[PDB]
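To be precise, the following lines are entry.cif, and they hold mmCIF, C-alpha atoms and all ligand atoms.
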data_upload
loop_
_atom_site.label_atom_id
_atom_site.label_comp_id
_atom_site.auth_asym_id
_atom_site.auth_seq_id
_atom_site.Cartn_x
_atom_site.Cartn_y
_atom_site.Cartn_z
CA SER B 6 101.40 97.81 135.52
CA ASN B 7 100.85 100.56 132.95
CA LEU B 8 100.38 103.06 135.77
CA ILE B 9 102.60 105.95 136.82
CA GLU B 10 103.20 107.68 140.15
CA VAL B 11 103.27 111.46 139.69
CA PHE B 12 103.11 113.92 142.56
CA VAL B 13 100.72 116.85 142.79
CA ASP B 14 101.70 119.32 145.52
CA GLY B 15 103.49 116.36 147.07
CA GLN B 16 100.31 114.24 146.90
CA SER B 17 100.89 111.16 144.78
CA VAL B 18 98.32 109.97 142.26
CA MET B 19 98.41 106.99 139.90
CA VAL B 20 97.59 107.85 136.29
CA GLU B 21 97.81 106.24 132.88
CA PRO B 22 100.97 106.50 130.72
CA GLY B 23 100.08 109.36 128.37
CA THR B 24 97.17 111.08 130.08
CA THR B 25 97.74 114.82 129.93
CA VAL B 26 98.81 117.16 132.71
CA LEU B 27 95.43 118.86 132.91
CA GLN B 28 93.76 115.47 133.38
CA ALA B 29 96.29 114.45 136.03
CA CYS B 30 95.37 117.58 137.96
CA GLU B 31 91.67 116.94 137.36
CA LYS B 32 92.01 113.62 139.15
CA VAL B 33 92.84 115.18 142.53
CA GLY B 34 90.48 118.14 142.15
CA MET B 35 92.71 120.78 140.60
CA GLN B 36 90.97 122.38 137.66
CA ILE B 37 93.63 124.34 135.81
CA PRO B 38 92.10 127.47 134.24
CA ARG B 39 91.83 127.12 130.50
CA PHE B 40 90.23 128.31 127.27
CA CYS B 41 91.00 126.51 124.04
CA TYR B 42 91.07 123.00 125.52
CA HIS B 43 87.73 121.23 125.51
CA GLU B 44 86.70 117.70 126.40
CA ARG B 45 85.40 116.88 122.91
CA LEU B 46 87.96 118.83 120.86
CA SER B 47 91.56 118.05 119.96
CA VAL B 48 94.29 119.89 121.81
CA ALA B 49 95.84 123.20 120.77
CA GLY B 50 98.33 125.58 122.31
CA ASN B 51 96.31 128.69 121.68
CA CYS B 52 94.88 129.89 124.97
CA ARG B 53 98.11 129.71 126.99
CA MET B 54 96.09 130.12 130.21
CA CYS B 55 96.82 126.46 131.07
CA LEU B 56 100.43 127.19 132.02
CA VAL B 57 101.67 125.49 135.18
CA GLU B 58 105.09 125.22 136.79
CA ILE B 59 106.83 121.92 137.45
CA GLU B 60 109.58 122.14 140.05
CA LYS B 61 113.21 121.58 139.01
CA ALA B 62 112.16 122.68 135.51
CA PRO B 63 113.18 126.18 134.36
CA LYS B 64 110.44 126.91 131.81
CA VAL B 65 106.71 126.75 132.42
CA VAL B 66 104.97 124.03 130.43
CA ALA B 67 101.48 124.15 128.95
CA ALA B 68 99.28 121.68 130.78
CA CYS B 69 96.97 121.02 127.83
CA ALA B 70 99.23 119.01 125.51
CA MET B 71 102.11 118.08 127.81
CA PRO B 72 102.31 114.33 128.46
CA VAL B 73 103.32 113.22 131.92
CA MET B 74 106.50 111.22 132.37
CA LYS B 75 107.23 109.54 135.68
CA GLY B 76 107.98 111.69 138.69
CA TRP B 77 106.78 115.09 137.54
CA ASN B 78 105.83 117.15 140.58
CA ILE B 79 103.20 119.65 139.48
CA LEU B 80 103.13 122.81 141.60
CA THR B 81 99.93 124.66 140.76
CA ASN B 82 100.20 127.58 143.19
CA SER B 83 103.95 128.13 142.85
CA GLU B 84 104.65 131.83 142.41
CA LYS B 85 105.97 131.42 138.88
CA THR B 86 102.68 129.88 137.78
CA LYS B 87 100.47 132.59 139.28
CA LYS B 88 102.65 135.21 137.61
CA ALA B 89 102.23 133.36 134.32
CA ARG B 90 98.44 133.27 134.67
CA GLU B 91 98.30 136.96 135.57
CA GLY B 92 100.40 137.65 132.49
CA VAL B 93 98.30 135.64 130.05
CA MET B 94 95.09 137.12 131.43
CA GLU B 95 96.58 140.58 131.01
CA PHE B 96 97.56 140.07 127.38
CA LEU B 97 94.12 138.66 126.61
CA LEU B 98 92.39 141.60 128.26
CA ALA B 99 94.73 143.91 126.31
CA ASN B 100 92.54 144.10 123.20
CA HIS B 101 88.98 143.41 124.21
CA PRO B 102 85.93 145.68 123.95
CA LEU B 103 83.95 146.66 127.00
CA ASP B 104 80.71 144.90 126.10
CA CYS B 105 79.89 143.28 129.45
CA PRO B 106 76.75 145.43 129.81
CA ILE B 107 75.54 144.78 126.27
CA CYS B 108 77.21 141.40 125.80
CA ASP B 109 74.93 138.38 126.09
CA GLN B 110 77.18 136.12 128.17
CA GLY B 111 77.75 138.65 130.96
CA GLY B 112 76.50 136.30 133.62
CA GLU B 113 78.63 133.45 132.27
CA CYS B 114 81.62 134.32 130.09
CA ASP B 115 84.77 132.67 131.38
CA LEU B 116 86.87 135.80 130.91
CA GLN B 117 85.00 137.32 133.82
CA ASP B 118 85.14 134.22 136.01
CA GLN B 119 88.79 133.36 135.43
CA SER B 120 89.53 137.08 135.27
CA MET B 121 88.52 137.56 138.89
CA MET B 122 89.59 134.24 140.29
CA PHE B 123 93.03 134.30 138.66
CA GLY B 124 94.20 137.35 136.74
CA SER B 125 95.45 140.67 138.06
CA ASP B 126 93.08 143.30 139.40
CA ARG B 127 94.14 146.35 137.35
CA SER B 128 94.86 146.80 133.66
CA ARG B 129 97.50 148.90 131.91
CA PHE B 130 98.34 149.87 128.34
CA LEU B 131 96.34 152.97 127.41
CA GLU B 132 96.79 153.50 123.67
CA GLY B 133 95.66 150.36 121.90
CA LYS B 134 92.46 148.34 121.56
CA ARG B 135 92.16 147.04 118.00
CA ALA B 136 88.73 146.47 116.46
CA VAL B 137 87.41 143.89 114.00
CA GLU B 138 84.78 144.02 111.29
CA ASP B 139 81.84 141.89 112.37
CA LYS B 140 80.53 139.23 110.00
CA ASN B 141 76.96 138.03 109.65
CA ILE B 142 76.82 134.26 109.33
CA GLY B 143 73.52 132.54 109.95
CA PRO B 144 70.08 133.57 111.11
CA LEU B 145 70.76 131.44 114.19
CA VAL B 146 74.15 132.81 115.25
CA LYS B 147 74.48 136.48 116.06
CA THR B 148 78.10 137.44 115.56
CA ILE B 149 80.21 140.18 117.08
CA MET B 150 83.82 139.27 116.41
CA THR B 151 85.40 142.16 118.32
CA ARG B 152 84.95 140.10 121.48
CA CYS B 153 86.74 137.13 119.90
CA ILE B 154 89.80 135.93 121.79
CA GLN B 155 90.78 133.83 118.76
CA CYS B 156 90.92 130.60 120.76
CA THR B 157 90.36 128.23 117.79
CA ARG B 158 87.52 126.29 119.51
CA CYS B 159 84.88 127.11 116.91
CA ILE B 160 87.28 126.08 114.15
CA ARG B 161 88.25 122.72 115.63
CA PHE B 162 84.61 121.92 116.37
CA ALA B 163 83.28 122.85 112.93
CA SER B 164 86.08 120.85 111.32
CA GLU B 165 86.14 117.65 113.36
CA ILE B 166 82.62 117.22 114.70
CA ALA B 167 80.35 119.33 112.50
CA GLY B 168 82.45 118.27 109.52
CA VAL B 169 81.69 121.35 107.44
CA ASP B 170 85.31 122.63 107.37
CA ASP B 171 84.18 126.15 106.40
CA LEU B 172 85.65 128.10 109.34
CA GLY B 173 89.24 129.25 109.65
CA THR B 174 91.63 132.08 110.47
CA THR B 175 93.10 134.67 108.12
CA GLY B 176 95.80 137.07 109.24
CA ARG B 177 98.82 137.54 111.46
CA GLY B 178 99.74 139.43 114.59
CA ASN B 179 96.99 141.61 116.00
CA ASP B 180 94.84 141.11 112.94
CA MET B 181 93.44 137.62 112.59
CA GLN B 182 89.76 137.24 111.77
CA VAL B 183 88.11 133.94 112.69
CA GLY B 184 85.34 133.02 110.30
CA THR B 185 84.34 132.54 106.70
CA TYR B 186 86.52 134.51 104.31
CA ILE B 187 83.91 134.72 101.53
CA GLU B 188 80.99 135.86 103.75
CA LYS B 189 79.13 132.62 103.07
CA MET B 190 76.22 131.52 105.21
CA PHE B 191 77.26 128.75 107.59
CA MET B 192 74.29 126.60 108.52
CA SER B 193 74.09 122.91 109.35
CA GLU B 194 72.65 120.46 111.80
CA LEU B 195 74.55 120.74 115.08
CA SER B 196 75.75 124.16 113.92
CA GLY B 197 73.83 126.03 116.60
CA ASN B 198 75.83 124.22 119.28
CA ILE B 199 78.80 126.42 118.40
CA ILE B 200 77.24 129.21 120.45
CA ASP B 201 77.83 127.15 123.57
CA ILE B 202 81.47 126.49 122.72
CA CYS B 203 82.53 130.09 122.12
CA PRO B 204 83.93 130.92 125.56
CA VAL B 205 83.38 134.66 125.16
CA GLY B 206 80.51 136.73 123.85
CA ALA B 207 81.87 136.63 120.31
CA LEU B 208 79.19 134.19 119.16
CA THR B 209 75.73 134.10 120.70
CA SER B 210 72.12 133.11 120.04
CA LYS B 211 70.33 135.36 117.58
CA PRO B 212 66.71 134.50 118.52
CA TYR B 213 67.42 134.24 122.25
CA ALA B 214 69.02 137.65 121.65
CA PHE B 215 68.93 140.09 124.61
CA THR B 216 65.87 138.72 126.42
CA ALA B 217 67.42 137.06 129.45
CA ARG B 218 70.51 136.88 131.63
CA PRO B 219 72.09 133.88 133.34
CA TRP B 220 71.75 134.54 137.05
CA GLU B 221 68.07 135.45 136.73
CA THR B 222 66.99 132.15 135.17
CA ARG B 223 65.97 128.93 136.90
CA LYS B 224 67.49 125.84 135.30
CA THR B 225 65.29 122.75 135.03
CA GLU B 226 66.14 119.20 134.00
CA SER B 227 64.19 117.91 131.02
CA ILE B 228 64.23 115.57 128.03
CA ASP B 229 63.79 116.17 124.30
CA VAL B 230 61.25 115.32 121.62
CA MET B 231 61.26 115.67 117.83
CA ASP B 232 64.16 113.22 117.73
CA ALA B 233 64.10 109.57 118.70
CA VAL B 234 67.58 109.81 120.23
CA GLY B 235 65.89 110.87 123.45
CA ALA N 1 72.38 186.99 167.02
CA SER N 2 69.67 189.48 166.15
CA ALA N 3 69.96 192.89 167.76
CA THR N 4 69.32 192.27 171.46
CA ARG N 5 69.54 194.77 174.30
CA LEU N 6 68.76 194.03 177.96
CA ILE N 7 67.32 190.66 176.98
CA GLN N 8 70.79 189.48 176.09
CA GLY N 9 71.63 190.97 179.46
CA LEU N 10 68.91 188.72 180.87
CA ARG N 11 70.51 185.74 179.13
CA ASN N 12 74.00 186.77 180.21
CA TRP N 13 72.52 186.92 183.71
CA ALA N 14 70.75 183.54 183.40
CA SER N 15 72.84 180.45 182.44
CA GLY N 16 76.06 182.52 182.48
CA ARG N 17 78.27 183.64 179.63
CA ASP N 18 76.99 182.96 176.10
CA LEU N 19 76.82 184.47 172.56
CA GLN N 20 79.63 182.32 171.16
CA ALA N 21 77.88 180.32 168.44
CA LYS N 22 74.23 181.10 169.02
CA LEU N 23 72.49 177.75 169.39
CA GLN N 24 70.89 178.24 165.98
CA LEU N 25 74.13 177.87 163.92
CA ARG N 26 72.86 180.45 161.44
CA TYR N 27 75.86 182.78 161.04
CA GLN N 28 78.25 182.18 158.11
CA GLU N 29 80.87 179.41 158.40
CA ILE N 30 78.96 177.54 155.66
CA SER N 31 82.09 176.74 153.56
CA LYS N 32 80.39 178.06 150.36
CA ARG N 33 80.22 175.02 148.04
CA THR N 34 83.42 173.37 146.74
CA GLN N 35 85.52 176.34 145.65
CA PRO N 36 87.91 173.86 144.01
CA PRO N 37 86.46 170.79 142.35
CA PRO N 38 87.66 167.72 144.25
CA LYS N 39 90.51 165.59 142.96
CA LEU N 40 91.40 162.49 144.84
CA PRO N 41 94.63 160.58 145.46
CA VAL N 42 95.14 156.89 144.77
CA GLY N 43 96.96 154.75 147.30
CA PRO N 44 99.35 151.83 147.01
CA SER N 45 99.38 149.64 143.94
CA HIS N 46 97.73 151.60 141.07
CA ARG N 47 101.28 151.49 139.72
CA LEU N 48 102.90 149.49 136.97
CA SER N 49 106.16 147.60 137.45
CA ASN N 50 105.97 147.22 141.22
CA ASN N 51 103.52 144.45 141.77
CA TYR N 52 101.85 141.21 140.78
CA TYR N 53 98.43 140.53 142.23
CA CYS N 54 99.75 137.42 143.99
CA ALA N 55 101.90 139.30 146.49
CA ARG N 56 99.31 141.91 147.49
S1 LIG B 301 83.06 138.48 125.92
FE1 LIG B 301 83.13 138.26 128.20
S2 LIG B 301 84.64 139.84 128.93
FE2 LIG B 301 84.01 140.38 126.79
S3 LIG B 301 82.23 141.81 126.98
FE3 LIG B 301 81.36 139.69 126.86
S4 LIG B 301 81.13 139.01 129.05
FE4 LIG B 301 82.55 140.82 129.01
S1 LIG B 302 84.88 133.01 117.78
FE1 LIG B 302 84.81 132.32 119.97
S2 LIG B 302 85.29 130.08 119.83
FE2 LIG B 302 86.02 131.02 117.88
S3 LIG B 302 88.22 131.55 118.24
FE3 LIG B 302 86.94 133.40 118.72
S4 LIG B 302 86.61 133.30 120.99
FE4 LIG B 302 87.24 131.20 120.28
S1 LIG B 303 94.85 124.37 126.92
FE1 LIG B 303 97.04 124.41 126.85
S2 LIG B 303 97.04 126.09 125.45
FE2 LIG B 303 94.89 126.25 125.78
#

Could you quickly redo this structure as structure tokens?
Ligand code: SF4
Ligand code: SF4
Ligand code: FES
Amino acid sequence: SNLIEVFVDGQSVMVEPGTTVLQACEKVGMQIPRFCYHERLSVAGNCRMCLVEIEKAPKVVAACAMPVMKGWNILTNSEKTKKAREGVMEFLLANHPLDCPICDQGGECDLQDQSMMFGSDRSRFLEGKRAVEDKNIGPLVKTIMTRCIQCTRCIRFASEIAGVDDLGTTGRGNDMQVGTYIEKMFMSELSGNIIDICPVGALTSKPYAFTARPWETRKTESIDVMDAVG
Amino acid sequence: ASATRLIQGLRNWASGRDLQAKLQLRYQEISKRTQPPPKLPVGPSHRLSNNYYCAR
């Protein structure tokens, strides 16, 4: 009754009619590596890291936006998939600066995590490596856009949730800059949160700056004041 | 060794034949230092078009 049997590696699971592929794999413990998808943000086909093979199907389908009909069998570790992930990771790492020493997210940034635990171990493509003019935005958000993977998260957040609608993309091909075209200050309530959503070191915290580093710090549960929302 | 006469006869006469590689290792055979600068090979993989990280 409004449930669907769909196999995962031959292991059946009952899911709702219209839950996504990525969710269906979440249910049994598969977390398909991803970038542009986010729990609070509407779906987009940008990152392409979510690719996964379904047997009997010639092309690889993107797990973010693909709805699940009955009887899909989702092979996560099938060779075609792993080759797809290695590919996507390679093209992403094609144009990226080497900032990991200076970059603020070095202990965190998902390009390093998913880079080791999925993508290939050795790069290629010598002559290359485009660069981007960096753009100052707020006093809160330090901005180096060379590290941007252009994953559209910041846009979709600013639009839907923040509601400011002042961020976008301008360009084609290699050259697409993500940010205000007129060099306007972007500041709002909830705006600072964007530095958590940027998966790479493109956006970061200006005041927190260079002081710390993720593995060195001891996380501690707490509550908030200054707002009655608790 | 250093110039030795009749004492090296004493040593030839006590412990037997010697004088190959005086125990002190002090005579040449020091290799100089790196006449060529080293250049190293790189083994399997390190090559485009052959491989995907899954197989290896
Ligand atoms: S954005 Fe990620 S991969 Fe790029 S320099 Fe920073 S930590 Fe390294
Ligand atoms: S600035 Fe960050 S969040 Fe925005 S598209 Fe680039 S990588 Fe994604
Ligand atoms: S989640 Fe499917 S494209 Fe990024």

Produce the centre coordinates and the three edge lengths, each in Å to one decimal, of the box along x, y and z that contains all listed atoms of ligand LIG 303 (chain B) with 3 Å added on each side, as lines of an AutoDock Vina configuration file.
center_x = 95.9
center_y = 125.3
center_z = 126.2
size_x = 8.2
size_y = 7.9
size_z = 7.5

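Counting all atoms listed in the file, every residue of chain N that comes within 7 Å of chain B is listed here: residues 52, 53 and 54 of chain N.
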
| Protein and nucleic acid residues within 6 Å of ligand LIG 301 (chain B) (only C-alpha atoms and all ligand atoms) as a ChimeraX atom specification | /B:103-105,108,110-111,114,116-117,152,205-206

Could you make a table, as CSV, of the residues of chain B that have an atom within 8 Å of an atom of ligand LIG 302 (chain B), each with its nearest atom pair and distance in Å to one decimal, counting only C-alpha atoms and all ligand atoms, in chain and number order?
residue,atom,partner,partner_atom,distance
B:41,CA,B:LIG302,FE4,7.1
B:150,CA,B:LIG302,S1,6.5
B:152,CA,B:LIG302,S4,7.0
B:153,CA,B:LIG302,FE3,3.9
B:154,CA,B:LIG302,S4,4.2
B:155,CA,B:LIG302,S3,3.5
B:156,CA,B:LIG302,FE4,3.8
B:157,CA,B:LIG302,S3,4.0
B:158,CA,B:LIG302,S2,4.4
B:159,CA,B:LIG302,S2,4.2
B:160,CA,B:LIG302,FE2,6.3
B:183,CA,B:LIG302,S3,6.0
B:184,CA,B:LIG302,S1,7.5
B:199,CA,B:LIG302,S2,7.6
B:202,CA,B:LIG302,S2,6.0
B:203,CA,B:LIG302,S2,3.6
B:204,CA,B:LIG302,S4,5.8
B:205,CA,B:LIG302,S4,5.4
B:206,CA,B:LIG302,FE1,7.3
B:207,CA,B:LIG302,FE1,5.2
B:208,CA,B:LIG302,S1,6.0

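Residues of protein, DNA or RNA having any atom at most 8 Å from ligand LIG 303 (chain B), counting only C-alpha atoms and all ligand atoms, are residues 39, 40, 41, 42, 43, 48, 49, 50, 51, 52, 53, 54, 55, 56, 67, 68, 69, 70 and 156 of chain B.
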
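Each of B:192, B:73, B:181, B:231 was checked against residue 163 of chain B using all atoms listed in the file; the smallest atom-to-atom distance is that of B:192.
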
| query | atom CA of residue 213 of chain B and atom CA of residue 232 of chain B, how far apart in Å? | reply | 21.7 Å

| What's the 12 Å shell around segment 20-25 of chain N, counting only C-alpha atoms, without same-chain residues fewer than 3 positions away, as number ranges by chain? | N: 1-2, 8, 11-12, 16-17, 28-30

| Using all atoms listed in the file, which residues sit within 12 Å of residue 74 of chain B once same-chain residues fewer than 4 positions away are excluded, as a PyMOL selection string? | chain B and resi 8-12+19-26+29+59+78-79
